[PDB]
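Peer 1:
2 protein chains.
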Amino acid sequence: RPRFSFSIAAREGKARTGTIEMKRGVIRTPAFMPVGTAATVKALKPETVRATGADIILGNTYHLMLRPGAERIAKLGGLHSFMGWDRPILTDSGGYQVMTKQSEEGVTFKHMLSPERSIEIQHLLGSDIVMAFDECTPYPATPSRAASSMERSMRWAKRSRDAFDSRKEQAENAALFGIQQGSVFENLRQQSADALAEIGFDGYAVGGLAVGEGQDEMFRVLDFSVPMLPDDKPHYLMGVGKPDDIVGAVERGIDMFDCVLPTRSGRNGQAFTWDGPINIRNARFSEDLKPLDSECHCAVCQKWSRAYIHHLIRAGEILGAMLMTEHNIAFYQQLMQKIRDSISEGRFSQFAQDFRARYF
Amino acid sequence: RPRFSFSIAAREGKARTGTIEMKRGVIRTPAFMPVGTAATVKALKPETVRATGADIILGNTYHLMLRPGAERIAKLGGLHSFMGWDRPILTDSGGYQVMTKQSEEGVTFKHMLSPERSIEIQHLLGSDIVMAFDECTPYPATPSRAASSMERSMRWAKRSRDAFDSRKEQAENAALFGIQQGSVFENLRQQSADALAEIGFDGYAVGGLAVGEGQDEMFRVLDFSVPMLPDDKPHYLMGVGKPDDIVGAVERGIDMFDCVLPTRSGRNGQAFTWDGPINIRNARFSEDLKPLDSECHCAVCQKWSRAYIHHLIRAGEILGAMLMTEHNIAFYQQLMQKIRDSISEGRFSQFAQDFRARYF
Ligand SMILES: Nc1nc2c(CCc3ccccc3)c3nc[nH]c3cc2c(=O)[nH]1
Ligand SMILES: Nc1nc2c(CCc3ccccc3)c3nc[nH]c3cc2c(=O)[nH]1
Ligand SMILES: [Zn+2]
Ligand SMILES: [Zn+2]
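Protein sequence lines correspond, in order, to chains A and A'. A prime marks a further copy of an entry chain.
Residue numbers 11 to 109, 115 to 125, 133 to 382, in the authors' numbering, belong to the letters of the first sequence in order.
Residue numbers 11 to 109, 115 to 125, 133 to 382, in the authors' numbering, belong to the letters of the second sequence in order.
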């Protein structure tokens with residue numbers, strides 16, 4: 011495979027489906043990327059993560075540079091070998107999870135991170151998709167503050183580009199995505215997009231959302247922001263999200279997603295189903311012999327009842343977390359698969375309508 | 011298969027290897043039985059428990075009659091269906107884990135348990151091997167107190183026998199083991215053995231050990247106690263134990279074992295190896311790329327390093343508990359397999375010697 015190749019196989023409106031080819035494998039888009047926060051997708055072996063249909067996972071940099079350390083993972087052969095995942099890994103740049116003394120050089124915190139060091143750490147980890155080091159602007163933000171932050175992010179985006187390119191092994195084997203900022207303001211999003219395209223990246227994330235603004239506002243910002251990005255490159259919406267957020271963002275041109283919700287919200291008792299989320303701890307499930315979801319093809323739904331998983335989560339048993347997480351990540355992969363197939367077949371707007379009617 | 015058939019294929023000294031055939035499967039002896047404390051072997055899917063080589067698991071009654079409840083599990087189709095384990099299950103009688116108002120009728124506690139109710143609960147759970155309801159005499163015990171307790175246990179053993187036999191479905195499909203008491207006193211062990219043999223059971227446990235007496239004392243008691251039991255029936259040492267305790271008890275005629283050590287001690291960071299236990303949290307493992315144990319055939323040792331599992335346990339990650347538990351239970355199964363093969367081949371005393379030289 012090439013270092014990086016994105017091909018669009020089909021479109022419907024602003025939605026696209028395709029593939030990203032990279033040395034360690036192919037990524038089907040639109041993609042949902044399970045999150046590891048300490049070199050593990052919580053409660054799952056990597057073979058299980060793969061079996062659910064994941065093509066790529068997200069490595070949580072901030073936690074790794076602290077524990078176990080970037081230099082240490084490198085000495086041990088890199089993150090892929092360390093955790094036993096041999097397919098692509100996207101790493102965030104750390105410029106969110108830290109936010115501390117902030118300067119134009121970078122951030123020091125309760133340690134230092136700069137564009138250069140972030141890119142280096144992602145290199146030590148053996149990341150396949152490297153994120154530029156950005157500032158994720160707090161919400162709400164005044165226009166002046168959103169602009170100052172965006173501007174700094176764009177300067178940092180150029181420093182990221184040049185650090186990456188200045189490391190031959192990384193430049194030849196990994197990909198680099200830039201991150202658009204600008205809060206909810208169209209003119210700053212446009213300036214950000216322009217600056218990023220001028221620098222040039224392998225992919226473009228929409229950053230600064232999923233920071234408490236609410237679905238209507240996020241979709242509004244996506245309406246004008248995603249078309250500002252190069253069409254022929256992948257669009258990653260960072261930190262999104264719930265099933266419904268995913269469908270509406272694909273409708274707005276996003277190709278890639280990460281959420282901690284399916285893992286997080288699963289160990290908490292929330293299970294996703296096509297009729298909406300359920301909280302399996304609810305007493306109503308205590309004698310319910312049905313699987314978590316009636317159509318789901320995952321191994322959990324093949325083998326265990328709601329009543330058992332209810333008992334497990336209520337009891338604080340680790341297998342409860344294992345099964346809820348497997349199910350939720352499988353659910354998400356099956357959602358992505360239905361989205362891809364529906365776009366390929368030119369019926370995604372109908373799918374999205376049918377999905378929402380039932381989910382709500 | 012029959013309801014219950016124990017066949018001895020080979021012997022060496024007091025050690026025996028063979029098979030127990032029951033309707034839900036065959037149990038290779040000497041046997042190690044992983045423990046579930048709430049209808050789960052902690053951190054493992056049943057398919058994983060099986061893959062490690064377990065032929066039978068132990069259902070933790072005390073926890074189940076409280077959570078989720080015996081009647082509830084019965085309504086849901088029984089423990090096998092509920093937890094997804096279709097092979098034999100041995101259940102303890104609850105007469106240990108409770109110890115509260117104690118009487119000749121049974122015990123009430125912070133609920134009631136009597137010989138009759140214990141047998142009924144094990145029935146509701148769908149247990150394959152039912153344990154008699156006993157009193158596990160505290161250690162140390164004076165001779166008078168050990169005798170009083172033993173005597174009560176034997177009366178309860180007759181009540182257990184008769185409750186079991188009085189329930190046709192249970193009597194036809196399950197097995198019943200009696201439990202010898204008598205603390206560390208030979209004459210009370212003998213009285214207990216006689217009383218139990220007179221009643222007659224499918225198997226005989228040695229109870230009242232693993233209660234803080236220490237290996238030398240436990241082995242001393244086993245030296246005289248196990249020969250008192252019917253030779254042609256299985257001998258179960260309850261609550262034992264460490265790898266070394268297992269080898270010496272097989273040398274003394276025990277066929278079956280349960281310990282919470284491999285599960286318990288695994289999530290705590292203790293890993294069993296043929297060179298003895300290691301605590302994987304120790305800093306010395308932080309960059310150790312070797313598997314937990316150098317010969318172990320388990321999937322954990324095939325795929326992950328000490329350094330990674332060290333990181334996981336240090337980080338409190340659930341996959342750390344999953345991998346340490348899989349390894350430790352696999353280790354134990356491989357121990358049992360080496361014990362069985364060595365007895366079958368008439369070299370178990372050499373195995374035991376070689377095992378100890380290296381383990382210590
Ligand atoms: N770099 C960056 N990250 C964000 C994350 C973390 C996503 C992440 C990816 C991979 C691993 C961990 C975390 C956000 N989460 C919610 N909203 C978010 C916004 C941003 C952002 O604007 N920039
Ligand atoms: N009934 C009984 N149980 C014991 C257990 C629990 C084993 C058990 C089996 C199956 C499930 C849970 C617990 C002991 N543990 C350590 N020493 C023990 C002694 C006894 C005993 O004398 N009688
Ligand atoms: Zn499912
Ligand atoms: Zn192993």
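Backbone N, C-alpha and C fix where the C-beta goes; we use that ideal spot for every residue, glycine too.
Tell me the DSSP bridge mates of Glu-191 of chain A'?
Peer 2: Position 169 of the second sequence, counted from the start, is the residue given in the question as residue 191 of chain A'. According to DSSP, which records beta bridges pairwise, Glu-191 of chain A' is partnered with nothing at all.
Peer 1: What number of angstroms, rounded off, separates the C-alpha of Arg-189 of chain A from the C-alpha of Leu-146 of chain A?
Peer 2: Mapped onto the first sequence, residue 189 of chain A falls at position 167. Mapped onto the first sequence, residue 146 of chain A falls at position 124. So the two alpha carbons sit approximately 11 Å from each other.
Peer 1: Compare the C-beta of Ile-141 of chain A' with all C-beta atoms of chain A and state if any pair is closer than 7 Å.
Peer 2: Taking the first residue of the second sequence as 1, we reach residue 141 of chain A' at position 119. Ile-141 of chain A' does not count as touching chain A.
Peer 1: If you check the beta carbons only, do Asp-156 of chain A' and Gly-229 of chain A' fall under 7 Å apart?
Peer 2: Within the second sequence, numbered from 1, the residue matching residue 156 of chain A' stands at position 134. Within the second sequence, numbered from 1, the residue matching residue 229 of chain A' stands at position 207. Contact: yes.
Peer 1: Check whether the Cβ of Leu-68 of chain A' sits closer than 6 Å to any heavy atom of ligand 2, and report yes or no.
Peer 2: For the purposes of this step, residue 68 of chain A' is identified with residue 58 of the second sequence, where counting begins at 1. Result yes, Cβ under 6 Å from ligand 2.
Peer 1: Figure out for me which residue from A':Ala-379, A':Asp-363, A':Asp-376 has the closest Cα to the Cα of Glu-22 of chain A'.
Peer 2: Taking the second sequence and counting its residues from 1, one reaches residue 22 of chain A' at position 12. Checking every option, the nearest Cα to that of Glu-22 of chain A' belongs to A':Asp-363.
Peer 1: Closest to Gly-200 of chain A' by C-alpha separation, out of A':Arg-211, A':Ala-227, A':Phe-186, would be which residue?
Peer 2: Here the question's residue 200 of chain A' lines up with position 178 in the second sequence. Residue A':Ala-227 is the option with its Cα nearest to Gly-200 of chain A'.
Peer 1: Please report whether the beta-carbon of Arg-77 of chain A lies at a distance below 7 Å from any beta-carbon of chain A'.
Peer 2: Position 67 of the first sequence, counted from the start, is the residue given in the question as residue 77 of chain A. Chain A', which has a Cβ nearer than 7 Å to the Cβ of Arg-77 of chain A, makes this yes.
Peer 1: CB-CB under 7 Å to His-319 of chain A, same chain, minus the five flanking residues each way: which ones, in chain order?
Peer 2: Here the question's residue 319 of chain A lines up with position 297 in the first sequence. Excluding residues within five positions, the ones whose Cβ falls inside 7 Å are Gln-356.
Peer 1: Determine which residues of the stretch 36 to 55 of chain A' have a Cβ less than 9 Å from any Cβ of chain A, and write them out in chain order.
Peer 2: If the cut-off is 9 Å between Cβ atoms, the stretch 36 to 55 of chain A' has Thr-47, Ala-48, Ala-49, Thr-50, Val-51, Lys-52, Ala-53, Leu-54, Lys-55 near chain A.
Peer 1: At 8 Å on the CB atoms, spell out the chain A' contacts of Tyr-72 of chain A, in chain order.
Peer 2: Stepping through the first sequence from its first residue, residue 72 of chain A is reached at position 62. None at all; the shortest Cβ gap to chain A' is about 13 Å.
Peer 1: Anything in chain A' within Cβ reach of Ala-337 of chain A, meaning under 7 Å, just list it in chain order.
Peer 2: By 1-based counting over the first sequence, the position of residue 337 of chain A is 315. Within 7 Å Cβ-Cβ: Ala-48, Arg-77.
Peer 1: Over what stretch of residues does the alpha helix (DSSP H) that includes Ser-15 of chain A continue unbroken?
Peer 2: Looking up residue 15 of chain A in the first sequence gives position 5. Per DSSP, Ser-15 of chain A belongs to no alpha helix (DSSP H); it is in the beta strand (DSSP E), 15 to 22.
Peer 1: Using a cut-off of 9 Å between C-beta atoms, extract the partners of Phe-92 of chain A' located in chain A.
Peer 2: Mapped onto the second sequence, residue 92 of chain A' falls at position 82. Residues of chain A passing the Cβ test: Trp-326, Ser-327, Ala-329, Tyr-330, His-333.
Peer 1: Could you tell me whether any non-hydrogen atom of ligand 2 is closer than 6 Å to the CB of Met-260 of chain A'?
Peer 2: Numbered from 1 along the second sequence, position 238 holds the residue referred to as residue 260 of chain A'. Checking the Cβ of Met-260 of chain A' against ligand 2 gives yes.
Peer 1: To the nearest angstrom, how far is it from the Cα of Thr-47 of chain A to the Cα of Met-75 of chain A?
Peer 2: The residue given as residue 47 of chain A occupies position 37 in the first sequence. The residue given as residue 75 of chain A occupies position 65 in the first sequence. Cα-Cα distance, rounded: 11 Å.
Peer 1: Identify the residues that DSSP records as bridge partners of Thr-47 of chain A': which are they?
Peer 2: Against the second sequence, residue 47 of chain A' aligns to sequence position 37. DSSP output for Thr-47 of chain A' lists no bridge partner at all.
Peer 1: Using beta carbons (cut-off 7 Å, strictly below), is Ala-352 of chain A in contact with chain A'?
Peer 2: For the purposes of this step, residue 352 of chain A is taken as the residue at position 330 of the first sequence. Not one chain A' Cβ lies under 7 Å of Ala-352 of chain A.
Peer 1: Let me see if you follow: with CB-CB separation under 7 Å, is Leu-86 of chain A' close to chain A or not?
Peer 2: As a first step, residue 86 of chain A' is located in the second sequence; it is residue number 76 there, counting from the start. Interface residue, yes.
Peer 1: Run down chain A in chain order and give the residues with a C-beta less than 8 Å from the C-beta of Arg-82 of chain A'.
Peer 2: As a first step, residue 82 of chain A' must be located in the second sequence, where it is residue number 72. Per Cβ cutoff of 8 Å: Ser-308, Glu-309.
Peer 1: On the three-state DSSP scale, how would you describe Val-282 of chain A'?
Peer 2: The residue labelled residue 282 of chain A' in the question sits at position 260 within the second sequence. The answer is coil: DSSP assigns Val-282 of chain A' none of H, G, I, E or B.
Peer 1: Hey, could you find the ends of the alpha helix (DSSP H) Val-243 of chain A' is sitting in?
Peer 2: Here the question's residue 243 of chain A' lines up with position 221 in the second sequence. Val-243 of chain A' -> alpha helix (DSSP H) spans 237 to 247.
Peer 1: Please report the distance separating the alpha-carbon of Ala-215 of chain A from that of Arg-336 of chain A.
Peer 2: For the purposes of this step, residue 215 of chain A is taken as residue 193 along the first sequence, with counting starting at 1. For the purposes of this step, residue 336 of chain A is taken as residue 314 along the first sequence, with counting starting at 1. Rounded to the nearest angstrom, the two C-alpha atoms are 47 Å apart.
Peer 1: Closest Cβ-Cβ distance between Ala-374 of chain A and chain A': below 7 Å?
Peer 2: The residue given as residue 374 of chain A occupies position 352 in the first sequence. Chain A', which has no Cβ nearer than 7 Å to the Cβ of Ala-374 of chain A, makes this no.
Peer 1: I'd like to know if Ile-340 of chain A' contacts chain A, where contact means its C-beta is closer than 7 Å to some C-beta of that chain.
Peer 2: As a working note, residue 340 of chain A' is residue 318 in the second sequence. Chain A, which has a Cβ nearer than 7 Å to the Cβ of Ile-340 of chain A', makes this yes.
Peer 1: Is the closest heavy atom of ligand 6 to the C-beta of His-332 of chain A' under 6 Å?
Peer 2: Ligands displayed in this structure: ligand 1, ligand 2, ligand 3 and ligand 4; ligand 6 is not among them.
Peer 1: State whether the stretch 67 to 85 of chain A' contacts the stretch 297 to 309 of chain A', with contact taken as three or more CB pairs (one from each stretch) at a distance under 8 Å.
Peer 2: Verdict: no, contact absent.
Peer 1: State the CB to CB distance for the pair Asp-150 of chain A and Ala-193 of chain A, rounded to an integer number of angstroms; the pair is presumed to be in contact (CB under 8 Å).
Peer 2: Working through the first sequence from its first residue, we reach residue 150 of chain A at position 128. Working through the first sequence from its first residue, we reach residue 193 of chain A at position 171. About 13 Å; that fails the 8 Å criterion.
Peer 1: Taking just the CA atoms, how far does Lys-24 of chain A' sit from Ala-271 of chain A'?
Peer 2: For the purposes of this step, residue 271 of chain A' is taken as residue 249 along the second sequence, with counting starting at 1. For the purposes of this step, residue 24 of chain A' is taken as residue 14 along the second sequence, with counting starting at 1. Looking at the two C-alpha atoms, the distance is approximately 10 Å.
Peer 1: When the Cα atoms are used, what is the spatial distance from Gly-234 of chain A to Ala-232 of chain A'?
Peer 2: For this step, residue 234 of chain A is matched to residue 212 along the first sequence. For this step, residue 232 of chain A' is matched to residue 210 along the second sequence. Looking at the two C-alpha atoms, the distance is approximately 56 Å.
Peer 1: Would you check if there are 3 or more beta carbon pairs closer than 8 Å linking the stretch 29 to 43 of chain A' to the stretch 42 to 59 of chain A?
Peer 2: As far as the Cβ criterion goes, the stretch 29 to 43 of chain A' does not touch the stretch 42 to 59 of chain A, which means the pair count is below three.
Peer 1: To the nearest whole angstrom, what separates the beta carbons of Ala-293 of chain A and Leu-86 of chain A', a pair I think is in contact under 8 Å?
Peer 2: As a position in the first sequence, residue 293 of chain A is number 271, starting the count at 1. As a position in the second sequence, residue 86 of chain A' is number 76, starting the count at 1. Actually they are not in contact, since the Cβ atoms of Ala-293 of chain A and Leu-86 of chain A' sit about 18 Å apart, beyond 8 Å.
Peer 1: Given that a residue counts as buried once 16 or more other Cβ atoms are within 10 Å of its Cβ, and exposed if not, what is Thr-39 of chain A'?
Peer 2: Numbered from 1 along the second sequence, position 29 holds the residue referred to as residue 39 of chain A'. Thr-39 of chain A' should be labelled buried.
Peer 1: Between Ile-365 of chain A and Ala-19 of chain A, what straight-line distance do the alpha-carbon atoms span, to the nearest angstrom?
Peer 2: Position 343 of the first sequence, counted from the first residue, corresponds to residue 365 of chain A. Position 9 of the first sequence, counted from the first residue, corresponds to residue 19 of chain A. Roughly 10 Å separates the two Cα atoms.
Peer 1: Does DSSP put residue 131 of chain A' in a helix, in a strand, or in coil?
Peer 2: The structure shown gives no position for residue 131 of chain A': in chain A', residue numbering passes from 125 to 133 with nothing in between.
Peer 1: Just mark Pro-265 of chain A as buried or exposed, buried being the case when its beta carbon has 16 or more other beta carbons within 10 Å.
Peer 2: Within the first sequence, residue 265 of chain A is the residue found at index 243, counting from 1. Buried is the call here.
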